[PDB]
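Q: File follows, target.csv with CSV, C-alpha atoms:
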chain,number,residue,atom,x,y,z
K,2,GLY,CA,57.9,-57.0,58.0
K,3,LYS,CA,58.4,-60.1,55.9
K,4,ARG,CA,61.9,-61.4,55.7
K,5,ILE,CA,63.8,-61.6,52.5
K,6,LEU,CA,67.1,-63.5,51.8
K,7,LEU,CA,68.9,-61.7,48.9
K,8,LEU,CA,71.9,-63.0,46.9
K,9,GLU,CA,72.8,-60.8,43.9
K,10,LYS,CA,76.2,-61.1,42.3
K,11,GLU,CA,76.3,-57.5,40.9
K,12,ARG,CA,77.5,-55.5,43.9
K,13,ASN,CA,75.8,-52.2,43.2
K,14,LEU,CA,72.5,-53.8,42.4
K,15,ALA,CA,72.6,-55.9,45.5
K,16,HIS,CA,73.1,-52.8,47.6
K,17,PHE,CA,70.4,-50.9,45.7
K,18,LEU,CA,67.9,-53.8,46.1
K,19,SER,CA,68.7,-54.2,49.8
K,20,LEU,CA,68.1,-50.5,50.5
K,21,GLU,CA,65.0,-50.2,48.4
K,22,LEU,CA,63.3,-53.3,49.8
K,23,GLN,CA,63.9,-52.1,53.3
K,24,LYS,CA,62.0,-48.9,52.4
K,25,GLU,CA,59.0,-51.2,52.0
K,26,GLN,CA,59.7,-52.3,55.7
K,27,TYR,CA,60.9,-55.7,54.7
K,28,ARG,CA,63.8,-57.2,56.7
K,29,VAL,CA,66.5,-58.0,54.1
K,30,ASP,CA,69.5,-60.3,54.8
K,31,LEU,CA,72.1,-59.9,52.0
K,32,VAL,CA,74.4,-62.8,51.4
K,33,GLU,CA,77.1,-63.3,48.8
K,34,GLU,CA,77.4,-67.1,48.2
K,35,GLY,CA,75.1,-70.1,48.1
K,36,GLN,CA,76.6,-72.0,51.0
K,37,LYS,CA,76.0,-69.1,53.4
K,38,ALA,CA,72.5,-68.6,51.8
K,39,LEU,CA,71.7,-72.2,52.4
K,40,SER,CA,72.8,-72.3,56.0
K,41,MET,CA,70.6,-69.2,56.6
K,42,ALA,CA,67.6,-70.5,54.8
K,43,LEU,CA,67.9,-73.8,56.7
K,44,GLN,CA,67.8,-72.1,60.1
K,45,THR,CA,65.4,-69.3,59.3
K,46,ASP,CA,62.0,-69.3,57.6
K,47,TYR,CA,62.3,-66.6,54.9
K,48,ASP,CA,59.2,-65.3,53.3
K,49,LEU,CA,61.1,-64.8,50.0
K,50,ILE,CA,64.5,-65.9,48.8
K,51,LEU,CA,65.7,-63.7,45.8
K,52,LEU,CA,68.6,-65.2,43.8
K,53,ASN,CA,70.4,-65.2,40.5
K,54,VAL,CA,70.4,-68.3,38.3
K,55,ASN,CA,74.0,-69.1,39.4
K,56,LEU,CA,75.0,-68.3,43.0
K,57,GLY,CA,78.7,-68.6,42.4
K,58,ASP,CA,79.4,-71.7,44.4
K,59,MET,CA,76.4,-73.6,43.1
K,60,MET,CA,73.4,-73.2,40.8
K,61,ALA,CA,70.2,-71.9,42.2
K,62,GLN,CA,68.6,-75.2,41.1
K,63,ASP,CA,71.1,-77.0,43.4
K,64,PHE,CA,70.3,-74.6,46.3
K,65,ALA,CA,66.6,-75.1,45.8
K,66,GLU,CA,66.8,-78.9,45.8
K,67,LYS,CA,69.0,-79.0,48.9
K,68,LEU,CA,66.7,-76.6,50.7
K,69,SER,CA,63.6,-78.6,49.6
K,70,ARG,CA,64.7,-81.7,51.5
K,71,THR,CA,63.4,-80.0,54.7
K,72,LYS,CA,61.5,-76.9,53.3
K,73,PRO,CA,59.9,-78.1,50.0
K,74,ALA,CA,57.5,-75.2,49.7
K,75,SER,CA,60.2,-72.5,50.0
K,76,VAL,CA,59.4,-69.3,48.1
K,77,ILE,CA,62.3,-68.6,45.7
K,78,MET,CA,62.3,-65.8,43.0
K,79,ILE,CA,65.0,-65.5,40.3
K,80,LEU,CA,66.3,-62.2,39.1
K,81,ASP,CA,68.7,-62.4,36.2
K,82,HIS,CA,69.6,-61.3,32.7
K,83,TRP,CA,67.3,-62.5,29.9
K,84,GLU,CA,70.0,-64.8,28.4
K,85,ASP,CA,71.0,-66.4,31.8
K,86,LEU,CA,67.3,-67.1,32.7
K,87,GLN,CA,66.5,-68.5,29.3
K,88,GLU,CA,69.4,-70.9,29.3
K,89,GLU,CA,67.9,-72.5,32.5
K,90,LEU,CA,64.2,-71.6,31.9
K,91,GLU,CA,62.6,-75.0,32.3
K,92,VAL,CA,64.5,-75.8,35.5
K,93,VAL,CA,63.8,-72.3,36.9
K,94,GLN,CA,60.0,-72.7,36.2
K,95,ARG,CA,60.2,-75.9,38.2
K,96,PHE,CA,61.7,-74.5,41.4
K,97,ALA,CA,61.0,-70.8,41.5
K,98,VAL,CA,57.7,-69.1,42.3
K,99,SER,CA,58.5,-66.4,39.7
K,100,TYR,CA,61.3,-64.9,37.7
K,101,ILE,CA,62.1,-61.3,36.7
K,102,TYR,CA,64.5,-59.9,34.1
K,103,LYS,CA,67.4,-57.5,34.6
K,104,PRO,CA,67.5,-54.5,34.1
K,105,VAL,CA,65.0,-54.4,37.0
K,106,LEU,CA,62.6,-51.6,37.7
K,107,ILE,CA,62.3,-51.3,41.4
K,108,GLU,CA,58.6,-50.3,41.3
K,109,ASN,CA,57.9,-53.5,39.3
K,110,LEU,CA,59.9,-55.7,41.6
K,111,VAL,CA,58.1,-54.2,44.7
K,112,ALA,CA,54.7,-54.7,43.1
K,113,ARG,CA,55.4,-58.3,42.1
K,114,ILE,CA,56.8,-59.2,45.6
K,115,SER,CA,53.7,-57.7,47.2
K,116,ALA,CA,51.4,-59.8,44.9
K,117,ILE,CA,53.3,-63.0,45.6
K,118,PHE,CA,53.1,-62.5,49.4
K,119,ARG,CA,49.4,-61.7,49.2
K,120,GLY,CA,48.7,-64.7,47.0
K,121,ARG,CA,50.5,-67.1,49.5
K,122,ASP,CA,48.5,-65.5,52.3
K,123,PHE,CA,45.3,-66.3,50.3
K,124,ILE,CA,46.3,-69.9,49.8
K,125,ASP,CA,47.0,-70.3,53.5
K,126,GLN,CA,43.6,-68.8,54.6
K,127,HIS,CA,41.7,-70.7,52.0
K,128,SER,CA,43.4,-74.0,52.8
K,129,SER,CA,42.6,-73.6,56.5
K,130,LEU,CA,39.0,-74.1,55.6
K,131,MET,CA,39.6,-77.4,53.7
K,132,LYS,CA,37.3,-80.3,54.8
K,133,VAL,CA,38.9,-82.8,57.1
K,134,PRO,CA,40.4,-85.3,56.4
K,135,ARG,CA,42.7,-83.5,54.0
K,136,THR,CA,43.4,-86.7,52.1
K,137,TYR,CA,42.8,-88.0,48.6
K,138,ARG,CA,43.6,-91.5,47.5
K,139,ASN,CA,47.1,-92.1,49.0
K,140,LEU,CA,47.8,-88.4,49.5
K,141,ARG,CA,47.6,-86.3,52.5
K,142,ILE,CA,48.3,-82.5,52.9
K,143,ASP,CA,49.7,-81.0,56.1
K,144,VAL,CA,48.4,-77.4,55.8
K,145,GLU,CA,50.4,-76.1,58.8
K,146,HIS,CA,53.7,-77.2,57.4
K,147,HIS,CA,52.9,-76.9,53.6
K,148,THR,CA,53.9,-80.5,53.1
K,149,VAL,CA,52.4,-83.3,51.2
K,150,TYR,CA,52.8,-87.1,51.6
K,151,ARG,CA,51.9,-90.1,49.3
K,152,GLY,CA,51.7,-93.1,51.6
K,153,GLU,CA,54.7,-92.7,54.0
K,154,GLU,CA,56.9,-90.6,51.6
K,155,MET,CA,57.1,-86.8,51.5
K,156,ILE,CA,56.4,-85.5,48.1
K,157,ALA,CA,58.6,-82.4,47.5
K,158,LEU,CA,56.0,-80.1,46.0
K,159,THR,CA,57.2,-76.6,45.3
K,160,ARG,CA,55.2,-73.7,46.6
K,161,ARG,CA,53.4,-73.3,43.3
K,162,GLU,CA,52.7,-77.0,43.0
K,163,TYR,CA,51.5,-77.0,46.6
K,164,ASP,CA,49.2,-74.1,46.0
K,165,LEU,CA,47.8,-75.7,42.9
K,166,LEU,CA,47.1,-79.0,44.7
K,167,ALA,CA,45.5,-77.3,47.7
K,168,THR,CA,43.3,-75.4,45.2
K,169,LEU,CA,42.2,-78.6,43.4
K,170,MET,CA,41.7,-80.6,46.5
K,171,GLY,CA,39.7,-77.8,48.1
K,172,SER,CA,37.3,-77.6,45.2
K,173,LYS,CA,34.3,-79.9,44.8
K,174,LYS,CA,33.9,-78.8,41.1
K,175,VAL,CA,36.1,-79.0,38.1
K,176,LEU,CA,38.1,-75.7,37.8
K,177,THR,CA,38.8,-73.9,34.6
K,178,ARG,CA,42.3,-72.6,33.8
K,179,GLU,CA,41.1,-69.1,34.5
K,180,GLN,CA,39.8,-70.1,37.9
K,181,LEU,CA,43.1,-71.8,38.7
K,182,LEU,CA,45.0,-68.7,37.6
K,183,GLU,CA,42.7,-66.6,39.9
K,184,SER,CA,43.5,-68.8,42.9
K,185,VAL,CA,47.1,-69.9,42.4
K,186,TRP,CA,48.4,-66.6,40.9
K,187,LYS,CA,46.0,-64.4,42.8
K,188,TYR,CA,46.9,-60.7,42.7
K,189,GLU,CA,49.5,-61.4,40.0
K,190,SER,CA,47.2,-59.9,37.4
K,191,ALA,CA,49.7,-60.1,34.5
K,192,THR,CA,49.8,-64.0,34.6
K,193,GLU,CA,48.3,-65.7,31.6
K,194,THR,CA,46.3,-69.0,31.4
K,195,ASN,CA,49.0,-71.1,29.6
K,196,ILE,CA,51.0,-71.2,32.8
K,197,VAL,CA,48.3,-73.3,34.4
K,198,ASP,CA,49.0,-76.2,32.0
K,199,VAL,CA,52.7,-76.0,32.8
K,200,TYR,CA,52.2,-76.4,36.5
K,201,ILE,CA,49.6,-79.1,36.1
K,202,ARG,CA,52.3,-81.0,34.2
K,203,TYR,CA,54.8,-80.4,37.0
K,204,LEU,CA,52.3,-81.4,39.6
K,205,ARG,CA,51.4,-84.7,37.8
K,206,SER,CA,55.1,-85.5,37.5
K,207,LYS,CA,55.4,-85.3,41.3
K,208,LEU,CA,52.2,-87.1,42.3
K,209,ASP,CA,51.7,-89.7,39.8
K,210,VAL,CA,52.6,-93.4,40.0
K,211,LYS,CA,53.4,-95.4,36.8
K,212,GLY,CA,50.6,-97.8,36.1
K,213,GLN,CA,48.0,-95.9,38.3
K,214,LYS,CA,45.6,-93.3,37.0
K,215,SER,CA,46.9,-89.8,37.3
K,216,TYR,CA,45.9,-87.8,40.3
K,217,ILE,CA,44.6,-85.0,38.0
K,218,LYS,CA,42.1,-85.4,35.2
K,219,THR,CA,41.7,-83.1,32.2
K,220,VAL,CA,38.0,-82.5,31.7
K,221,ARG,CA,37.1,-82.0,28.1
K,222,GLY,CA,35.9,-78.4,27.4
K,223,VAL,CA,36.2,-77.3,31.0
K,224,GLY,CA,39.5,-77.6,32.9
K,225,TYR,CA,41.0,-79.8,35.6
K,226,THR,CA,39.9,-81.8,38.7
K,227,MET,CA,41.3,-84.4,41.0
K,228,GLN,CA,40.9,-88.0,39.7
K,229,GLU,CA,40.1,-91.2,41.5
K,230,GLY,CA,42.2,-94.3,41.1
How would this structure read if it were set down as structure tokens?

A:
Amino acid sequence: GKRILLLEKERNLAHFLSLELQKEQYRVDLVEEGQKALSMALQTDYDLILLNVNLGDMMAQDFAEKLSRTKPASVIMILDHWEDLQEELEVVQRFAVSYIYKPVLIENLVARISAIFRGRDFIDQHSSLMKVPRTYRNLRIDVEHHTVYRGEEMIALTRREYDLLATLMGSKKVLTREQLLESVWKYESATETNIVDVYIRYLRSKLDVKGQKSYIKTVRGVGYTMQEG
């Protein structure tokens, strides 16, 4: 089964989530602080890393940035109280594939994790069919390693940003926000179209060079497409 790295500060909840996730045949490694979580995530490829906003010895944002130096498309999901998540909402959107509020309902957590895994699988399969060369202007995508480069620099795209780029680069046509939702949030049927604009903004911030045309064009009345220089 897929492998989950789990850090939950509430002891009884951590134990509960560990046991319930193993009933889905997932392999669950429970850790209690970020330093240990980080050493484990650096040496093992986890399919999901499930964290609180604050890991105790560091913020989850800090963990994610440090992990991203070698594994930029890591799949991190944040579980926390509403007030804790909202205090850090913008930074959480930037590094996490999803977030979920306490008090958690296990059937909901299980369904969401399943959908996230299936959506990543879809992206992988679809991107394997991308026309070669997988380049655009100064960008190149390494589909095997889920990495992106602009010139000779690695661009630390998050998993959502990577999935969004692969979807845009793999399309010959302008894509609507509904079509982008259907590809990048596939199987996460509760996702709504305004999230697409958020991640287009994030993706532009990572790709774009000041004084060049953006890598992504907004097409009036339609949606988004890659943009030439």

Q: Could you state the separation of atom CA of residue 69 of chain K and atom CA of residue 51 of chain K in Å, given to one decimal place?

A: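 Here the two named atoms are 15.5 Å from each other.
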
Q: May I ask which of the residues K:166, K:39, K:7, K:158 is the closest one to residue 136 of chain K, counting all atoms listed in the file?

A: K:166

Q: Looking at only C-alpha atoms, which of K:10, K:4, K:161, K:28 is the one that sits closest to residue 199 of chain K?

A: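 Of the candidates, the smallest distance to residue 199 of chain K is held by K:161.
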
Q: Please indicate the distance in Å from atom CA of residue 9 of chain K to atom CA of residue 117 of chain K, rounded to one decimal place.

A: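 We find that atom CA of residue 9 of chain K and atom CA of residue 117 of chain K lie 19.7 Å from each other.
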
Q: Which neighbours of residue 59 of chain K fall inside 9 Å, counting all atoms listed in the file, when residues of the same chain fewer than 5 positions from it are skipped, and could you give them as JSON, numbers by chain?

A: {"K": [34, 35, 36, 64]}

Q: Pick from K:2, K:224, K:104, K:134: nearest to residue 195 of chain K, with all atoms listed in the file counted?

A: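 For residue 195 of chain K, the nearest of the candidates is K:224.
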
Q: Using only C-alpha atoms, which of K:106, K:210, K:8, K:14 sits nearest residue 33 of chain K?

A: K:8
